[PDB]
Amino acid sequence: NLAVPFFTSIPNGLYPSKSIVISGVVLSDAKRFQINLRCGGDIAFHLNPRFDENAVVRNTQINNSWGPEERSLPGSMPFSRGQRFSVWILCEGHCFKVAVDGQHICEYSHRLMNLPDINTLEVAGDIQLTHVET
């Protein structure tokens with residue numbers, strides 16, 4: 001079942017060289033969607049395209065408190081309403097590397113380093129989810 005909100009395990013948690021791939025289609029009336037890599041009560045990595053803001057927000061939530069957002073992009077907004085997408089998240093020792101449709105869009109330095117405990121993937125929001133690899 002690929003209904004959203006979608007949850008699944010990341011076997012063995014995160015470690016350097018582990019890849020997560022999220023494929024789907026942005027809804028034509030989308031406001032936002034989110035991909036969360038969760039550990040317990042924290043969100044290690046929140047990847048959050050916002051179509052009203054024309055932004056891709058990255059952040060971390062610890063004990064229910066959000067940190068400072070990261071929003072830098074090398075070019076234009078890499079998701080579009082109604083458009084198919086493939087998100088590739090690569091875990092390294094110091095950061096996540098994120099590509100969309102093969103285009104590198106950002107690095108995000110780890111704020112939570114307990115990588116094996118980051119063992120739940122959540123995908124939620126205004127998309128049709130078509131494939132997950134964890």
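Atom set for the values below is all heavy atoms of this structure, side chains included, hydrogens, waters and symmetry mates excluded. In what follows, residues are counted from 1 in the order of the sequence shown.
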Given side-chain contact (heavy atoms from CB on, under 4.5 Å), test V98 with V87 step by step and report yes or no.
CA-CA 7 Å; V98 179; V87 177; 4.3 Å; yes
Please report the C-alpha distance between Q103 and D101 in whole Å, then the side-chain angles of each, then the deciding distance to 0.1 Å, and finally whether the side chain to side chain donor-acceptor pair (under 3.5 Å) criterion is met.
CA-CA 6 Å; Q103 164 194 9; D101 304 335; over 6 Å; no
For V56 and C106: C-alpha separation, side-chain torsions, deciding distance, then whether side-chain contact (heavy atoms from CB on, under 4.5 Å) applies.
CA-CA 10 Å; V56 177; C106 67; 5.9 Å; no
Can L37 and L121 be said to form a side-chain contact (heavy atoms from CB on, under 4.5 Å), step by step?
CA-CA 5 Å; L37 310 184; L121 165 71; 3.8 Å; yes
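Using a 4.5 Å heavy-atom threshold, the side chains of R84 and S23 count as touching. A 4.5 Å side-chain heavy-atom check between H46 and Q61 finds every atom pair outside the cut-off. Taking the side chain as every heavy atom from C-beta outward, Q34 and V57 never approach each other to under 4.5 Å. Annotation: side chain of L115 is in contact with side chain of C91 (closest heavy-atom distance under 4.5 Å).
Considering every non-hydrogen atom in both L129 and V4, the closest pair reads CB-CG1, 4.1 Å. Across all non-hydrogen atoms, the minimal contact from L90 to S19 is CD1-OG, 3.5 Å. Heavy-atom minimum distance, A44 versus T60: O-OG1, 2.7 Å. Taking each heavy atom of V100 and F79 in turn, the nearest pair found is CG2-CZ, 3.6 Å. Nearest heavy-atom pair across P74 and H104 is CG-O, 3.6 Å. Considering every non-hydrogen atom in both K97 and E107, the closest pair reads NZ-OE2, 2.6 Å.
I10 CD1 to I20 CD1: the interatomic distance, rounded to the nearest 0.5 Å, is 4.0 Å. The distance from atom NZ of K18 to atom OG1 of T134, rounded to the nearest 0.5 Å, is 6.0 Å. In this structure, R71 CZ and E53 CD are separated by 4.5 Å, a value rounded to the nearest 0.5 Å.
In the hydrophobic clustering of ILVMFWY residues, with side-chain heavy atoms under 4.5 Å counting as a link, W88 and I105 come out apart. The hydrophobic cluster containing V26 also contains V123, counting ILVMFWY residues as joined when their side-chain heavy atoms lie under 4.5 angstrom apart, directly or transitively. Each of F51 and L27 belongs to its own hydrophobic cluster when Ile, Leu, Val, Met, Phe, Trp and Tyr are linked at side-chain heavy-atom distances under 4.5 angstrom. When hydrophobic clusters are built by joining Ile, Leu, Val, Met, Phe, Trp and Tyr residues whose side-chain heavy atoms come closer than 4.5 Å, directly or via intermediates, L14 is not grouped with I43. Under the 4.5 Å side-chain heavy-atom criterion for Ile, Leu, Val, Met, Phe, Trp and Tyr, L112 and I35 are members of distinct hydrophobic clusters.
Without hydrogens or angle criteria, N63 side chain to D42 main chain gives no donor-acceptor distance under 3.5 Å. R81 contributes a side-chain N or O that, together with a main-chain N or O of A30, makes up a donor-acceptor pair within less than 3.5 Å. Not one N or O on the side chain of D126 forms a donor-acceptor pair closer than 3.5 Å with the backbone of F33. Within the 3.5 Å criterion, the main-chain N or O of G67 finds a donor-acceptor partner in the side chain of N59. Between the side chain of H131 and the main chain of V21, no donor-acceptor pair closer than 3.5 Å is present. Distance alone, capped at 3.5 Å, places no donor-acceptor pair between the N36 side chain and the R38 backbone. At least one donor-acceptor pair under 3.5 Å links the side chain of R58 to the backbone N or O of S72.
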